[PDB]
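To keep things clear, I will list the structure first and then write my remarks on it.
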Amino acid sequence: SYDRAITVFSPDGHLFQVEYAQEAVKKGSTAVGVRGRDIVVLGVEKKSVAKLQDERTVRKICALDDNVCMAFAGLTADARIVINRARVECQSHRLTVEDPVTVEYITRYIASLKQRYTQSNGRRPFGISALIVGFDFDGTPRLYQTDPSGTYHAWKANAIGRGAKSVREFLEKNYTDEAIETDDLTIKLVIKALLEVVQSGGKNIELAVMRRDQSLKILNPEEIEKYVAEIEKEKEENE
Amino acid sequence: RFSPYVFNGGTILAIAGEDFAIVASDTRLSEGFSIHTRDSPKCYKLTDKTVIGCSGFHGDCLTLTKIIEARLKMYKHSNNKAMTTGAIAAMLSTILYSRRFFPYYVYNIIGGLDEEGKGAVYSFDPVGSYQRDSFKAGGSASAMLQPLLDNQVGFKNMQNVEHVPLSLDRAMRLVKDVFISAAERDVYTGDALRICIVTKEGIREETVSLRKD
Amino acid sequence: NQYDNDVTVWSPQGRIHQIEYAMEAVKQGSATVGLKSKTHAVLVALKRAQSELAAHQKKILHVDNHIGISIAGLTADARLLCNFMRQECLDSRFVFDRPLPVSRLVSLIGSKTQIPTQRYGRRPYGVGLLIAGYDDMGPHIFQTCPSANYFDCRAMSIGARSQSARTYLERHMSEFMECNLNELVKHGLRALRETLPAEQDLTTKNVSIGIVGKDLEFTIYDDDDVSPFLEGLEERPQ
Amino acid sequence: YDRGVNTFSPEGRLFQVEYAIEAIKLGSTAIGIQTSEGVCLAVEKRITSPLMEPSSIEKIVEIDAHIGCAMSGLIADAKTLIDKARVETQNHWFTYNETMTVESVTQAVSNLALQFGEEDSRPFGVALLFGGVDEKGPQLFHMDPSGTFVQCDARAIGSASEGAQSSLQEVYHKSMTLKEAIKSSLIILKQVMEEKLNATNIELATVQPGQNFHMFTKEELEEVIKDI
Amino acid sequence: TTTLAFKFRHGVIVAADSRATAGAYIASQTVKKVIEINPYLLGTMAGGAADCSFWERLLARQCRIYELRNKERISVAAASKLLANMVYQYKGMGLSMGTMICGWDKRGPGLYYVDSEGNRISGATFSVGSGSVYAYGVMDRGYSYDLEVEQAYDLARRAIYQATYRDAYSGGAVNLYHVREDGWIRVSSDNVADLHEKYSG
Amino acid sequence: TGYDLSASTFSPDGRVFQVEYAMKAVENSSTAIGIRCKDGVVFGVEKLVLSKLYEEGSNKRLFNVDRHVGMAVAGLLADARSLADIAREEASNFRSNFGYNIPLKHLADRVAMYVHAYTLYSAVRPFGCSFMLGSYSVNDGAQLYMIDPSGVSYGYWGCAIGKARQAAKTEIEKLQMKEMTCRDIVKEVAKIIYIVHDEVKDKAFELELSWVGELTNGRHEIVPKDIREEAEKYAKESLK
Amino acid sequence: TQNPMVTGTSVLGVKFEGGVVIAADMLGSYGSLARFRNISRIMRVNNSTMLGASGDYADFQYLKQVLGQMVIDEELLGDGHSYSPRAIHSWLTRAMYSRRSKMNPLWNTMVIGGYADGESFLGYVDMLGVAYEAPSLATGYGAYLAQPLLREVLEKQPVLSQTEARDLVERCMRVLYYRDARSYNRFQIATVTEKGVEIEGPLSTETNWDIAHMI
């Protein structure tokens, strides 16, 4: 019955440790991810500088390939291991079949790794949940998410971590088909999501984009200040 | 030193007709300049619709025969149905490549019916390729038997000779004549003839003797 | 009651209860009856279904040209011992180029099932084997048990409510030895029709008959060569 | 008590397979019907979000050119067993030049549906429906986590399967046609689902002996739904 | 044995003979050499029957698995790469294999050339076998890019005729396959003596 | 007591109860005796039919390990079968590495060590068997040994294993065991087995007798008991 | 074994009406030196079959050991089933084939003679696993020398008596004593009928040398 161990079912038909492992993901930092028509964009919140150190090591958004990007929630160490494995897998695929790695393949890899990692003997399942964003086939934007169970599940927009119910609940009554991207609208959608964050402190927003042909662009918190100002301008025009 | 192989020789014929696959073979098993026996039939009845012949190195012939019988029983006892002819052909090709780097010194010819009820002769090689042909001769008497079949079965190199389908009794008397004519000039042929006929009604056999030297 | 946990533990009365629990796991299979003449061995089982539309779970499974088993209980261990059985049959068929004597095969089954009843990490096999075969000395009807204490009999019946079957086998084991195939098989289903509650009758699609003969290869039957076997019966004496 | 797989009950039984049969029930429903004309198959997706892309959730996947599938419950084992059975079919075709029949496919699957063992892992949490066209025409098979594999004429799995079986036994007979069976299936679907039936809820899977390739209907599904 | 393959505007032409000898003795006249991997890929048989047959059947297996995992066709360069990596693991153990991989890509035409020595290369025309040099000669006479369909057919047919005419190890039926964008289709299987009567005058 | 789950644990007074509980598992098992004459060893087992289902000739507890050695087991039957296979294997190794028949002392010591190794570790249980071992040799005479579930293996003239372990050897020891050849000892074993438990708790038993010695020239086999039919015509004269 | 040290020589075996007679000699030559001129080269297997070998004598001892073990095992099963001679032939062939397949061949040339259930049996096993049945077997140089005598009389008369067969074996062994350098004038006859297995003593031959008075 009881929450130990991973192997044994519940008396009413559940796996506890998979269900308990998602609470770690829900009890972590928040990060959203959207795809426009041609630009894909995501970003983590809660930069949370402590005034006595650098933050260039604590980066939660990285890349495995020149077509794909990372993002996660939950605890950080599992994310470190999963990313360091995923890079090696991406290069090993590149050593085979000479294509750029399709995002579907690397998500199947990560989910399969985590899955056979879950079924095994007394091993602690990874308390993370990734966002895997890439545009490969003719520049078609894709973004998939994981689960501690290991079920990849393709979305068009996403919200994980703390408050993610409300953070995703904003996305229905903002996300239109119209239009299109229109990269500025995609950016403003990211800005509306960051202003829609649980805190939206103003300076703790760190977002990074990809225009489906370039490499990752790390933004600058003066452009984001103009973004917050023009969001406030539109909010005042609503009155 | 130790040699792994010895040439035992032998002769295997096969003719795919319209609805019949006749496979015949002599029963002389020899070595060097000796005779070990005058009865060792190269034909083996696998199913009611598949007969295999195996010549060459005799021990590998025995081993291969028994392995094929084992996998036949495995497929049947797993999947409630007998194999086809081409299924057995593909399986034999997989096996012969599965011992690529220590080859069987064995020629192989499978006759039998297809799923249409027509003859199908699958030839082989010692390494494991195959093809669906109309007639093949395997063994030392291959060169003594292929061109005559080209003259009669293939009707090749002739003028104004129409094409009659190969009937049964015509094929039977052809097999008897090619084995007499090949046994006259070859040293690895004689003393019997084991003719196997695969119809839509089972497997018949027939024994025709030869000259005793 | 804490001694009743694992295979390793001896009880303070010496009766390892995992074996008894495996026996009771055998008792919840389908009913099956096996019996031999001097020349022909027949084992007849009963099929069951999950619903009406579904097909019926078969019990007699073929093994070899002269060996056939019945089964009761679990199906996973059934197919596992089937695989091992066929493996040993074809192995001796390959090496010695002979059919197996049955008794040494069943001793191999006992030695196979001995280790999972002795060490830790594997459960005993809930299994209901009724083996029919032909060595040089004729037909044999063996049974196993999950405690690996394989028996030889002349008429056995294991499963659910198999006891009335055993009483019938008791009162006709003298009659069994003389007859030919037809009334032998109908004695077998004259055990099965008392392995059922009396308000429903044995139809075609629920029964399975497997004959092995001294010159006859082992063959399974279902509904179509069983309609010749199901005629020639009277009603139960209501 | 009952705490793991290596222990029976006094009366029967385990009590881990039983919990697997329990764990099936949380999943979404599915209904497959064998007709001699061909095997039809239906499922429900239980779509949560509008951001949830519907064609990315798989229930009906492809095994062979004539062998479909449907899954249940736990998605995990429902991916694992598919990835095995695909390889199995390819090994069979490789060494045999022919199509592994559906019963033999499920034998290959249930040869390790229960090989569950952590030493010498846990039992799997999925019920599967297999449809295909062998030499005997159409075939519809139903397995379970326990490996106790049987053929079914028209099987209904997962959630709300009780009334599904009852109302299914109401309508079925042996001499059905195809389109009647299709609409008969989706009637039962929209009596057991909760949302409105539309173009995005369900997805069909119909394999015919002359139409072996493409066992699928895409947005003619809309036309089939609107005919009720 | 002589195979050739050249790609052009409207796809890829593949042709070969059908004679496979055994030493100084001809085994058969109708050995189908162009091994059909897919309805979108075509492989050949260039030196050694067993190695070509076996490894291309294994590659066909791998392509089918790749498709059923990604719901999408494999590219040509991918398959050539996988075949070279599989073949490399027995180097020096005595495998003879010189096959070619043809097929239509997301890029369009695709033509690679995989050896048991591992010479995986792209290119425009190729020719493998003992009498391959004869085909090189007459092909690189007749080669262009803007050729027509019947014109490339006559080029390949003439090429294999010259090849089987000067070499001893070549003859039999002239296979001729044509790769399109949608899928490959056999053109014709013509006998050498018919070609001799037809093109001799 | 408590203190008795694992086979590796001791008690606060110092004994292993798994060994004890396995020892008294054979207490409920069938009665099996053995006695040796001056030129052979005779075995005998009180064997019982279940009800009517048996075949009088199944599951014989009189095993036959080597050409001149065979067992007379009592306890759990399948464990005894496996133990017999181990003994056959050990004798085959000795025959293959030394070319001659196994001496019974060495065989008993190897088998006792094998039983002991099963008594040691915690993953495994002790055996639920107790068996007899008989031999004959022209250079050695007759040896009769005895192996408990623990593995303490030494020798006897007579022994009894089963319910009536004391109740047989109360009158096994009043035999004139030395001065008799084994053809007298046949009907002696017959009367001993026939005395214990004719009808009281159960219904029917049945008699098997194994037989080794000089008269078989070193062979070990079951008697032709039906030849000279020694039990019943003497058993009916032993009820009075 | 790459290099056979101690070879035997030719073994003769032939069926007759309800029995098979085998006779091989008792010579243990090494090189050309007849180092062991008194050894046994026929094992008497249990009651029906019977083995005779040539080649490396140590390998024959090894096979004697293994087969004696197997036969004692099946007899100690107590089930009433023994091995057919043909099962022995099959097992020996499989063993030799698997032994040569690992490139470590058993240098032997063996004859299995058995009589079981009305039918005589006479089998051959080579080093390479070449194996067959025959109405008459001759190993070594005997296949060159005495084999035409067997195939002459069996073509002259397909069945034989025990007396006729024994005489023919005697004459063939005399011939082998004449023109085989690895021969010796002391051989033993083994005979199986349904009365069991019987090995005769070390018989000798009677020679002629009257040609030596010619120049």
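Chains A, B, C, D, E, F and G, in that order, give the protein sequences. The first sequence stops at residue 240 when you use the UniProt record's numbering, and every number in between is there. The second sequence stops at residue 241 when you use the UniProt record's numbering, and every number in between is there. The third sequence stops at residue 241 when you use the UniProt record's numbering, and every number in between is there. All the letters of the fourth sequence, read from the start, carry residue numbers 8 to 127, 134 to 241 under the UniProt record's numbering. The fifth sequence stops at residue 260 when you use the UniProt record's numbering, and every number in between is there. The sixth sequence stops at residue 245 when you use the UniProt record's numbering, and every number in between is there. The seventh sequence stops at residue 260 when you use the UniProt record's numbering, and every number in between is there. Backbone N, C-alpha and C define an ideal beta-carbon position, used for all residues, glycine too.
From what residue to what residue does the alpha helix (DSSP H) around residue i run?
i	result
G114(B)	113-126
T102(D)	84-103
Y75(G)	No alpha helix (DSSP H) contains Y75(G), which DSSP labels as neither H nor E.
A6(A)	Unbroken run through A6(A): none, as it is neither H nor E.
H155(D)	Looking at the DSSP string, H155(D) is not in any alpha helix (DSSP H); the run it does join, the beta strand (DSSP E), is 150-155.
In whole angstroms, what separates the C-alpha of residue i from that of residue j?
i	j	result
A79(F)	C85(C)	31 Å
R245(E)	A119(E)	19 Å
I84(G)	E251(G)	21 Å
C82(B)	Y135(B)	6 Å
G182(B)	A83(E)	22 Å
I133(A)	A165(A)	17 Å
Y239(F)	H43(C)	39 Å
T187(A)	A180(A)	9 Å
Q23(A)	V71(E)	54 Å
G123(G)	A77(F)	15 Å
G162(C)	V29(C)	7 Å
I22(C)	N152(C)	11 Å
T190(D)	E44(D)	7 Å
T217(B)	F61(B)	13 Å
Classify residue i as helix, strand or coil using the three-state DSSP reduction.
i	result
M159(C)	strand
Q122(D)	coil
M88(G)	strand
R198(B)	helix
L101(E)	strand
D214(A)	coil
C164(F)	strand
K60(G)	strand
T58(A)	coil
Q146(A)	strand
Provide the residue span of the beta strand (DSSP E) that contains residue i, from first to last.
i	result
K52(F)	45-53
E213(F)	210-213
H64(B)	62-65
residue 250(B)	Since the first residue of chain B shown is 29 and the last is 241, residue 250(B) is not available in this structure.
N86(C)	Run containing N86(C): none in the beta strand (DSSP E); it sits in the alpha helix (DSSP H), 79-98.
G70(E)	70-75
| query | When Cβ atoms are compared, which residues of the segment 81-94 of chain F fall closer than 9 Å to chain G? | reply | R93
| query | Can you give, in chain order, each stretch of the alpha helix (DSSP H) that sits fully within the segment 206-230 of chain G and has at least 4 residues? | reply | 207-224
| said: Beta carbons nearer than 9 Å to chain G: which residues of the segment 78-109 of chain C have them? | reply: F97, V98, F99, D100, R101, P104, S106, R107
| Where the segment 112-143 of chain G meets chain C: residues whose CB sits under 8 Å from a CB there | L122, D124, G125, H126, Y128, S129, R131, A132, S135, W136, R139
| beta strand (DSSP E) runs contained entirely in the segment 193-240 of chain F, provided each spans 3 or more residues | 210-213, 215-218, 225-227
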